[PDB]
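Undergrad: give me a model of this one.
(5 chains, ligands or ions: 8)
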Amino acid sequence: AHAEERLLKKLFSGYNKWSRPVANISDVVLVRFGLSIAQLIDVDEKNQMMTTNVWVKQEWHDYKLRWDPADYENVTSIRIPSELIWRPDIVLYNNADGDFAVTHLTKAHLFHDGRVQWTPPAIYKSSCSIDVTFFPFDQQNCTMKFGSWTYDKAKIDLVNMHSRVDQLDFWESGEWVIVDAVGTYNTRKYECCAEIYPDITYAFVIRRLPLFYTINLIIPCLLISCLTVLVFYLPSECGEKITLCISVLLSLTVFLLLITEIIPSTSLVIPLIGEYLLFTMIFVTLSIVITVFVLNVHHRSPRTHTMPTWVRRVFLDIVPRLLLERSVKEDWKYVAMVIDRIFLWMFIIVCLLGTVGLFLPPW
Amino acid sequence: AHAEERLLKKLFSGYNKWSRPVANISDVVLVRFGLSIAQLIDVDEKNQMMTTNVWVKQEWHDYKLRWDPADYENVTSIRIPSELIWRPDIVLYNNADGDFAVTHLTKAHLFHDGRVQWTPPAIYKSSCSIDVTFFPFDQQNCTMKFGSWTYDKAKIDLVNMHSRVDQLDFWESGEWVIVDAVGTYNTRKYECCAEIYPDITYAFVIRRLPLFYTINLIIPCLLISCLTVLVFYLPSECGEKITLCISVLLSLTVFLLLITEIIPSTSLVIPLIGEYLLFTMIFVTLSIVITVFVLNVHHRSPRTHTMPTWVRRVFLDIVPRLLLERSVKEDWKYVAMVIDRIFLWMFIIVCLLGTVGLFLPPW
Amino acid sequence: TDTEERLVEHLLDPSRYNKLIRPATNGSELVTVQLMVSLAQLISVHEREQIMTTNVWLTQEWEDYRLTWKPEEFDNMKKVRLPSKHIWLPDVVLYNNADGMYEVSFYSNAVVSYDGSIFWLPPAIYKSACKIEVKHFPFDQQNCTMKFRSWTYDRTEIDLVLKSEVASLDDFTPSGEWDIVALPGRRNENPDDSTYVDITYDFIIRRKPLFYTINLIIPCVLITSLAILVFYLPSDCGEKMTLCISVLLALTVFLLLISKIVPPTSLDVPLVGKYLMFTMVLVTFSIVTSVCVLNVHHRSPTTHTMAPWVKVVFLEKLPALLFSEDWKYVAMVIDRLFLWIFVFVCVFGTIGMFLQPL
Amino acid sequence: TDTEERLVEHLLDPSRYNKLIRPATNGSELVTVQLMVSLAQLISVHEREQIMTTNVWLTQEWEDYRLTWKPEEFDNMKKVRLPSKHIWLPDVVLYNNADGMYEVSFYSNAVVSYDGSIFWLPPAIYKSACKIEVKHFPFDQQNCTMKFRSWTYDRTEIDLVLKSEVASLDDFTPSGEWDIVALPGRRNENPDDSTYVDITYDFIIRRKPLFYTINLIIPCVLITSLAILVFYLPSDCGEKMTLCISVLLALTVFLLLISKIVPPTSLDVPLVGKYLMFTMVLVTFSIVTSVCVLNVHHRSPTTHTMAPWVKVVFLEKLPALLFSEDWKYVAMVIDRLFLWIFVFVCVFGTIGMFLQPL
Amino acid sequence: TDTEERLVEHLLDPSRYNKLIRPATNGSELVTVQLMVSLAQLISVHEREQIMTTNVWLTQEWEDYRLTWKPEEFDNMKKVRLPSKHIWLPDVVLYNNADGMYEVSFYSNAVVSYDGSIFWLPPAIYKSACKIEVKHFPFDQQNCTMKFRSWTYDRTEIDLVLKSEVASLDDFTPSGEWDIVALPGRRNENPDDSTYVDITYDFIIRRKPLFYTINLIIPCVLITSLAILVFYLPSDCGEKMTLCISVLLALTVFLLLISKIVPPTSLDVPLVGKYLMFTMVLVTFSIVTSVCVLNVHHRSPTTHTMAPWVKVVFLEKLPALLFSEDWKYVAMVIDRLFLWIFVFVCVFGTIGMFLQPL
Ligand SMILES: *[C@@H]1O[C@H](CO)[C@@H](O)[C@H](O)[C@H]1NC(C)=O
Ligand SMILES: *[C@@H]1O[C@H](CO)[C@@H](O)[C@H](O)[C@H]1NC(C)=O
Ligand SMILES: *[C@@H]1O[C@H](CO)[C@@H](O)[C@H](O)[C@H]1NC(C)=O
Ligand SMILES: *[C@@H]1O[C@H](CO)[C@@H](O)[C@H](O)[C@H]1NC(C)=O
Ligand SMILES: *[C@@H]1O[C@H](CO)[C@@H](O)[C@H](O)[C@H]1NC(C)=O
Ligand SMILES: CN1CCC[C@H]1c1cccnc1
Ligand SMILES: CN1CCC[C@H]1c1cccnc1
Ligand code: NA
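TA: Numbers count the residues shown, from 1 in each chain, chains lettered A, B, ... in the order given. Ligands and ions are numbered 1, 2, ... in the order given. Below is the structure in question.
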């Protein structure tokens, strides 16, 4: 204990924190990287921002921080506050809405040979581009760029202690499951600057467990988007022909709108279900225009053209073609019924073609 | 001025900040409390949290900070940064989502006899239980526990400079008016620990000026809850009998729902207006079920039972009892009209009984 | 610069200077500080939260006998910059803080002249609280304040002076919702428990209404007209209910939308809301009469049809207004009776509404 | 006090004390620290955000040979308070942080006895993360944890001990949404890359359901009943559509309202939501049959009216159920057929729903 | 490294260096600083809040005679890194801050060459305020600025220079909503109370419209078409009201949705909103005529049916348009009259609308 203090005296007698600590001037520091994820918290899609809890395992060495354990009662690994020791400036290139790195500055171990091990915690707000297509079954590649800042490859080079990210103390609980977590070592010239500057880009591949949004988003809008064709079958004379249409269109727009306030509002790709709910709306609006065109001609018989070649097109030609006062009024009663069934065929045909176009990727 | 510096030299020549400063070991420090509220800001009911702006007038004494004013050109009260002087650890027991105390650490006066006056500002987030019943005419008792932490009654005892909280520099502007603000001196043993630890509990009694929520919440939902009975009077054959029902129920649920996102979601008491809007909904839903039961039997006459003892119950017995193809169909026309008026009597009777139960407290 | 290194050393070497102690020649004598405030931009006026967020440079001026020097003595230096934290400064601070940073936020260096005069202007952002008088929405003038005062010294050891009544708009980005109408500043003197000096700046800001004039007023004005129209529609459509319900809820929606923009205060009622509410009342009472009409309309068998009541409506009221089909008629008339009432009351009501702001 | 000034000086004068170094007599010997945790109040259980906010005093106890003294030597002092920042303390910290402050909030002074034993209890507010098991809403019991561990020392130089299994509810404001059911604490031991000690407190809290029982369950229970009622209504009103659409959207609204209260997890489905969803499915399939009924109803000219289909419905199904007017009849019957189906399925469904929690 | 320990000691040992004092050879002579700004990514363009959040490295360059050394003297060292906090640096800062951190975020080490030239580039995230010109939504080009200036020194003791007109996009993640169209930077000179130097960077960003082109424009374009369709529908359905109300509220909803995306400014009206509002006006005036039609339709007993008004509509307008059943006819015609008007006005209006952006 007294020895432990006296050890600190001798270490920090004349020790420079601001010195790049290697024996030779040319010789480099090897800094090793072990990324230990504590928990994945928020994956805010709309902001394209991921909030992670991370330990950044950093190992390096000082020839100046060596001692003889036998000289000091076999003390071999002393813990010393990081603030006093020289420390590499490991930072996040990819930070948004957060401090770049190492805010906490926790204590680090020193081994008697002068190697130093530092595993401080920190909260990082990574900014990854969010590809929304196959919502909600989507795989996202979210990266965290860890590099030095002021030191080039000549003076600092980074080493992967694992290619995989350490998940041993991970907080399993989330709406996500980690598909695989990958560490890539890269080097680059940055145009501002002269030298080559290395980095480690850590790519988290994450898959959304869809069962939540499957229930509360997809099932209802399928239940709702069913009723688009159903309007046609309803008889004109009930007076509810449009009341169903308006409900479908608006209810759809609510779900599209609700979805859009959850998507990142990017123009990279169209959110697949959004494109679906869009084309559904286009058909529904089209369905409303025709459904009003059905009712207009349907009711009135006095002072009506009722050209035969068109009533023959409808009653005599098309009626079997699709199957395979009262005199005029009921002529219209059927004519509307046929313009009806014709479009019911149209929509129920094209609907399935649209959904086949929706399932073309799994096909 | 030169004297003023030289005074500081002599004070802080050998002055210990970390010393509990009294002449005798047994003798205590008397710390005086004047609570000056600057403004009441947020009284977030949903979180049960009050945000206040406060000055904490703390007075005590040091035998070590005495001097002769005549010795130094009649300087008698010098202002010194609090950080250098010993300072009592006055803290809020009742804090939520905030620093416990004395973040700013502003300057304090020293009188030549050694007494020290400290009036630093700070923002406190008190956590008071919110009793929501008579919304919005509600009085809330919100408290702020100010006590020492490490020093027991033996070493620190607290004194009220006023029982009332100082409101002389208060920011009148709010939706609240202070009913009365009370300071209570208490002492207790805390179970962790051996000794007696005093506190001052400051109880703010606040009343909501209701005129806002009176307009935008209470008046419309009364205007809306009118229409519950009105459904019955509408004739069946208009076809709007349910369109009024659905609008009432949904409009009510919106107001209940809106109210609930404003209430603290506690299970202590039922929010009175919420319970009202609930029972209204129960009556309305009941009104929808019956008004559909009215329409079902009403229309059809072929192949109908039309048992006499029931049609005689309705047309011949009840019609005066409540007052004090066509042959069958119009029999039904009246029978529905009577099942109707019977329930209109039911609802308009019970409605007023419910509201009499609502106004039993002001009665 | 090399001489600057010397000059600074003399002035800040603590043997000469104790920051902790105010500089005045006599303890009798008081220090005067000059305070002028500069807008760089007015950022946010959150009405709901009753908060003004501004970014501000506040020019603080005073003199220290401790910090004088002869220019001849040190390479003819007229002026030197010094770190504010190391020299003494009057602890001038906002006393108007909502969630406040009481002092300035980033502590610029101070410009010091050879005669010992000090020029300081730190930037800060400030979150001032002002009562928001919401009546004539959105054409409303908000008098919003901010108190500056030394939180340490009273009117004994320090005194406060304005360099100008109006605040400086020198480097102001004009583009707000708001127009700066006037920006005066007053010096106040009153005794509390101890004597103190108040400097208060009044920001008088006029909202450019065009936005809420479009997307709030015009639609509810559009929908309020709908209210009276409901009657004209004949019972036999059935749609007398649909149109009547549609108007009410639209108005409540807009009332609630306004409610969550306006501050939740009970100081006064937003004129728009008061209007929107009173018409809402009129439509709810419209809704009950529309129902009353329909029950009069749709049944003739075993009906009273009391002659003196049919005469009053068909025979007496119809010409008074103009100057089972009879059952349909009495419905049409009891309708058009209330229509005449509503058209008068609505216009009389808006005339009463607009009488107040005029 | 004057002697306190002396005593403090001896103990903290760095020549005697190096805070940076743990005190144990032998490097062989380990320091043991006692940890007991006190609730002052449970503040928030944010289910959406999967976060417990509590305010907590954690009593930390250990002994330092460096900080002993003789009472006779210094005016019979038994106990002295010292600023925690200046003395050595085991860096005990939460390993359960969501957006976490890892260490405590106040850094209270530490009470030190003459034998060198230290008593520390700082206040903090803590934002613990726990997986929220949302099934039986709102009657749900959440086992929510919080790990305490020395983030610096391992099970070599420091060892951790409980003063109690149950956490202290000593000064607890009981008034939450939540009831404290049990509050045990365990000591865990496992080897990772290095050996470590875990102290874990389990907060088991039962939600008082009355609020959501009123303002969530009762309304959707009210509206779910409406679903079956839609059939009874005769086609000739026209209102078979209105009532049918109105029910569906109300249910989706409540489903979505629940969705944004529940955490967005896929661990399990909220029982209420599962029920609300399955009935929602039943009403959407109700909606299609209601339309199918109406097209059968409203047209007789040039209609199939195929006898074996009219016989099955009018002649065969009608007594089976009970025990152009014919067209209206077939509509009435194909209706009441599904009504019998829905009444059975609905009750069978709720019986199946409630079978699971029972 | 061991020699670095020596070199650093000489340069930072305060006897040689006073950070508090700027280095120039003569006080006459001015220090020039070179400023170039690098985008790493453009993060957020909050239109409502009128705020650009960017992360930025700003390359700061200048020279210190204090920090020279001979390489021969110290193991041929060309360049040494030093902690920025310990050396002097020009207090260069944003003057464009909304809720601003005025200085940078990391305080990186500075690269110093043997000749005394300093290379500094700290990372920061910046919350710049720019007026948002919202007209041609969503195809809008936003000129958003940020002022850099020394908040301490004026154009006397420090002068500012650009290393480039265009800002460096060197390590830029391209994936925004936004396209970088141009990125120039200007040097400005004007005298206020004191002479100052402004460096201003103009970010010109074009919104990729595809998102709002889909999920905002297309739906309201869909619903705006519905407006004219309302007439075609015959009175005898009853549904002339339903369809008419449904269109209005849908449009107001979309107007309000846009309103809370756009900044609440009155500088100008969003073209989309202006269009959505003017069509909204047209549908509200559609709503009243639809009612006027229905009362003309549904009653013939004791009706005026004044011949010169029946002749004008049945006999005169009908061929002009084409080139109690009569009562139904006059309804049909007074309808189709306004329909012809609305189709022309709508297309003429959209032609007038689209004429302006073209
Ligand atoms: C993830 O993204 C990075 C760059 O963003 C890319 O280099 C890497 O290859 C990707 N990895 C996977 C598994 O997609
Ligand atoms: C206020 O509340 C406290 C505790 O909630 C209670 O003990 C006290 O009696 C109350 N005081 C008044 C004036 O209501
Ligand atoms: C503005 O505000 C203050 C306090 O509200 C008031 O005292 C002052 O008279 C007002 N002045 C003007 C010009 O409105
Ligand atoms: C609480 O939580 C943990 C993990 O679920 C479990 O191991 C522990 O046994 C539980 N404690 C009790 C008392 O239920
Ligand atoms: C950009 O912005 C400012 C102010 O909006 C303007 O003065 C400047 O000329 C603009 N620059 C360009 C290149 O458009
Ligand atoms: C590696 N950093 C990121 C981009 C610039 C580069 C750099 C180079 C020298 C000093 N600091 C930073
Ligand atoms: C007064 N505090 C509140 C509860 C514990 C007590 C206490 C006692 C000694 C040191 N710190 C705190
Ligand atoms: Na509706």
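
Undergrad: how much space between the residue in chain A that ligand 3 sits nearest to and ligand 7?
TA: Among the residues of chain A, residue A:97 lies closest to ligand 3, at 37.2 Å counting by Cβ to the nearest ligand atom. Every residue, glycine included, has its C-beta placed from N, CA and C. Residue A:97 sits 37 Å away from ligand 7, going by Cβ to the nearest ligand atom, to the nearest Å.

Undergrad: so who does that residue touch?
TA: The neighbours of residue A:97, taking Cβ atoms under 8 Å, 6 or more residues apart in numbering or on different chains as the test, are A:49, A:125, E:43, E:53, E:125.

Undergrad: the same query, at a cut-off of 6 Å, please.
TA: By Cβ atoms under 6 Å, 6 or more residues apart in numbering or on different chains, the contact set of residue A:97 is residue A:125.

Undergrad: so which bits of stretch C:27-45 are buried?
TA: By neighbour count, with 16 or more other Cβ atoms under 10 Å in any protein chain shown as the criterion, the buried positions of stretch C:27-45 are C:27, C:31, C:33, C:35-45.

Undergrad: I meant stretch C:56-71, not that one.
TA: Along stretch C:56-71, the positions that meet the burial threshold by neighbour count (16+ other Cβ under 10 Å) are C:56, C:57, C:58, C:59, C:60, C:61, C:62, C:63, C:64, C:66, C:67, C:69.

Undergrad: got a list of contacts for it?
TA: With Cβ under 6 Å, 6+ apart, stretch C:56-71 has contacts from C:11, C:17, C:23, C:25, C:31, C:33-34, C:36-38, C:77, C:112, C:114, C:116-118, C:120-121, C:123-124, C:126.

Undergrad: quickly find the element holding the residue of chain A closest to ligand 3.
TA: Using DSSP states H and E, residue A:97 sits in no helix or strand.

Undergrad: now it. Its backbone dihedrals?
TA: Taking degrees, to the nearest 10, you get phi 60, psi 40 for the backbone angles of residue A:97.

Undergrad: so which bits of the helix or strand harbouring residue C:351 are buried?
TA: Using DSSP H and E, residue C:351 sits in helix C:325-355. Buried residues in helix C:325-355, defined by neighbour count with 16+ other Cβ under 10 Å: C:327-339, C:342, C:346, C:353.

Undergrad: between those, which sits nearest ligand 6?
TA: Checking these against ligand 6 by Cβ to the nearest ligand atom gives residue C:353 as the nearest, at 63.2 Å.

Undergrad: what's near enough to touch the closest one?
TA: Neighbour list for residue C:353: residue C:275 [criterion: Cβ under 6 Å, 6+ apart].

Undergrad: filter the contacts of stretch C:56-71 down to the buried ones, ChimeraX style.
TA: Listed next is the ChimeraX selection for buried residues among those, using 16+ other Cβ under 10 Å:
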select /C:11,17,23,31,33,36,37,38,77,112,114,116,118,120,121,123,124,126
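
Undergrad: select from the contacts of stretch C:56-71 every entry located in strands.
TA: Assigned to strands by DSSP state E, the following of those qualify: C:31, C:33-34, C:36-38, C:112, C:117-118, C:120, C:123-124, C:126.

Undergrad: any idea how far the closest residue in space to residue C:206 that isn't next to it in sequence lies from ligand 1?
TA: Of all residues beyond its chain neighbours, the one nearest residue C:206 is residue C:179 (4.5 Å), with distances taken as Cβ to Cβ, 6 or more residues apart in numbering or on different chains. Here residue C:179 is placed at a distance of 48 Å from ligand 1 (Cβ to the nearest ligand atom).

Undergrad: likewise for residue A:348?
TA: Taking Cβ to the nearest ligand atom as the criterion, residue A:348 is separated from ligand 1 by 41 Å.

Undergrad: am I right that that residue falls within a strand?
TA: No: in this structure, residue A:348 is helix, not part of a strand, as judged by DSSP: H, G, I helix; E, B strand; the rest coil.

Undergrad: which residues touch stretch A:38-45?
TA: Residues from elsewhere that reach stretch A:38-45 (Cβ under 6 Å, 6+ apart): A:50, A:51, A:52, A:53, A:130, A:171, A:174, A:264.

Undergrad: how far does it sit from the chain's center?
TA: Per Cα atoms, centre = their mean, to the nearest Å, the displacement of stretch A:38-45 from the mean C-alpha position of its chain is 10 Å.

Undergrad: format the CA atom coordinates belonging to that stretch as CSV.
TA: Coordinates of the C-alpha atoms in stretch A:38-45 are reproduced here as CSV (Å, rounded to 0.1, in the frame of the first residue of the first chain):
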residue,chain,number,x,y,z
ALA,A,38,-23.8,-2.9,-23.4
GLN,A,39,-27.2,-2.3,-24.8
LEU,A,40,-29.0,-1.2,-28.0
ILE,A,41,-31.5,1.4,-26.9
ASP,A,42,-33.1,3.7,-29.5
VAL,A,43,-33.0,3.0,-33.2
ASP,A,44,-34.9,6.2,-34.2
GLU,A,45,-35.6,5.6,-37.9
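
Undergrad: so who does residue C:82 touch?
TA: Neighbouring residues of residue C:82 by Cβ under 6 Å, 6+ apart: C:110, C:112.

Undergrad: let's go with 8 Å and repeat that
TA: Residue C:82 sits in contact with C:8, C:11, C:12, C:67, C:109, C:110, C:112, E:20, where contact means Cβ under 8 Å, 6+ apart.

Undergrad: what about residue A:319, neighbour count?
TA: Applying other Cβ atoms under 10 Å in any protein chain shown, we find 18 other residues in the vicinity of residue A:319.

Undergrad: and residue C:41, what element?
TA: The secondary structure element spanning residue C:41 is strand C:31-46 (assigned by DSSP H and E).

Undergrad: tell me the strands beside the helix or strand just after that strand, with direction?
TA: Scanning forward in sequence from strand C:31-46 by DSSP H and E, the next helix or strand is strand C:51-63. For strand C:51-63, the paired strands and their directions (DSSP bridges) are strand C:31-46 (antiparallel), strand C:117-120 (antiparallel), strand C:123-129 (antiparallel).

Undergrad: nearest to residue A:84, of the contacts of stretch A:38-45?
TA: Each of the contacts of stretch A:38-45 was scored against residue A:84 by Cβ to Cβ, and residue A:53 proved nearest at 26.0 Å.

Undergrad: gap between the closest residue to the closest one other than its chain neighbours and ligand 7?
TA: Distance criterion Cβ to Cβ, 6+ apart; nearest residue to residue A:53, sequence neighbours excluded, is residue A:38 at 3.7 Å. Separation of residue A:38 from ligand 7 (Cβ to the nearest ligand atom): 31 Å.

Undergrad: give me the distance between the residue with the largest distance to the centre of chain A and residue A:334.
TA: Computed with Cα atoms, centre = their mean, the maximum C-alpha offset from the centroid of chain A is found at residue A:325, amounting to 63.8 Å. Residue A:325 sits 15 Å away from residue A:334, going by Cβ to Cβ, to the nearest Å.

Undergrad: and stretch C:321-331, anywhere near chain B?
TA: No: using Cβ under 8 Å from any Cβ of the partner chain, stretch C:321-331 never reaches chain B; the gap is at least 11.0 Å.

Undergrad: residue 250: neighbour count?
TA: Defaulting to chain A. Residue A:250 is surrounded by 17 other residues when neighbours are defined as other Cβ under 10 Å.

Undergrad: sorry, should have said chain C
TA: Quick note: residue C:250 (other Cβ under 10 Å) scores 23 neighbours.

Undergrad: hang on, it packs against residue C:221?
TA: No: using Cβ atoms under 8 Å, residue C:250 is not in contact with residue C:221; the gap is 11.9 Å.
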